[PDB]
Structures are given as C-alpha cells and as structure tokens.
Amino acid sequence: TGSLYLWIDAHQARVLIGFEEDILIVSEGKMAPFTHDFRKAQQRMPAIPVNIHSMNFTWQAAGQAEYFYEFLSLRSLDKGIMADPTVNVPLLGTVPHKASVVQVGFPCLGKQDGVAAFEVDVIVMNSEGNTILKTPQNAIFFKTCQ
C-alpha cells in the first residue's frame, strides 16, 4: 500500500472551519474521497478569510520509498489584490519521511480590497518519474483581502 500523507492539522483546521479535527487530503498515497468530485468539493470551500495570512499543511512519505514533489504553479490571478501565493519549501524537493509543515502564504497587497483567485499546482512523482498525485486540473482557490 501507499505511504504518502497530506493533511491539515486539527489546530489549523479549527482556525479555518471551526472544527478541531485533522482534515485528510491524501492517505496512504490516495486522494481523500471528498476530492473525487472536485467541483462539488470547491463549492464547500469558502474564500480564505481576511484574518488568515497563511495556511499550514502537513505532509510525509511514511515509508522507505522516495517521493518527489514539485510546485508547477504558484500564481495569483488578481495581482492588484494579492501577490503570488508562496511556499516556505524549495519548488522541487523530496517529500520528507518525517511529518513536516509546509506554510502556504497568501500575500494580500493592501493597495486594494476584494477576493483574489489563485493557483497552487503541485505534483508528486515516484522514483520511476511518474506523476502519482497532483492538484486537480484547473483548480482555483480564493483569498479575501482587505
């Protein structure tokens, strides 16, 4: 079975949706069932509130197999409202064996007000160079800036 995990820790989840419980995105190298019908899932995703400037994701490659991630696109679609989203990790790297936090930042410029559309396109490859996991095609996320 797969060894990859991606989740939002209970504390971060509490700050985001009010419920203090881990939000599983990938478990044992498999996308969580709520993400399969992605367009339906995006409707239950509100625009990231003004109080949140960054979000903590936790990931791990829990076994002996090596996995490589790559951020293909970190792009704001409303550059006048928010600058490009950021990550505190190199764009290309290894998924760590020890569970580690990736901080995704949403840099509202303050020179305007509104909701900024943005992309976080990431892929995970195995040691054969095959893409085994990735941000659903054409996924768009939103950040409320004031």
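Numbering starts at 1 and runs along the sequence shown.
Visitor: With respect to the recorded C-alpha B factors, which stretch has the higher mean value, 57-65 or 76-84?
Guide: Higher mean C-alpha B-factor: 76-84.
Visitor: Of 46-54 and 95-103, which one has the bigger average CA B-factor?
Guide: The recorded data point to 46-54.
Visitor: If you check the C-alpha B-factor for each of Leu4, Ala139, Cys145, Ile8 in the entry, which is highest?
Guide: Result of the comparison over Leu4, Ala139, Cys145, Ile8: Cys145.
Visitor: For the CA B factor values reported in this entry, which option in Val89, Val120, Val115, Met31 has the top one?
Guide: That would be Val115, according to the entry.
Visitor: Compared with the other modelled residues in the chain, in which third is the CA B-factor of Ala13?
Guide: As the PDB entry reports it, the C-alpha B-factor of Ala13 lands in the middle third of its chain.
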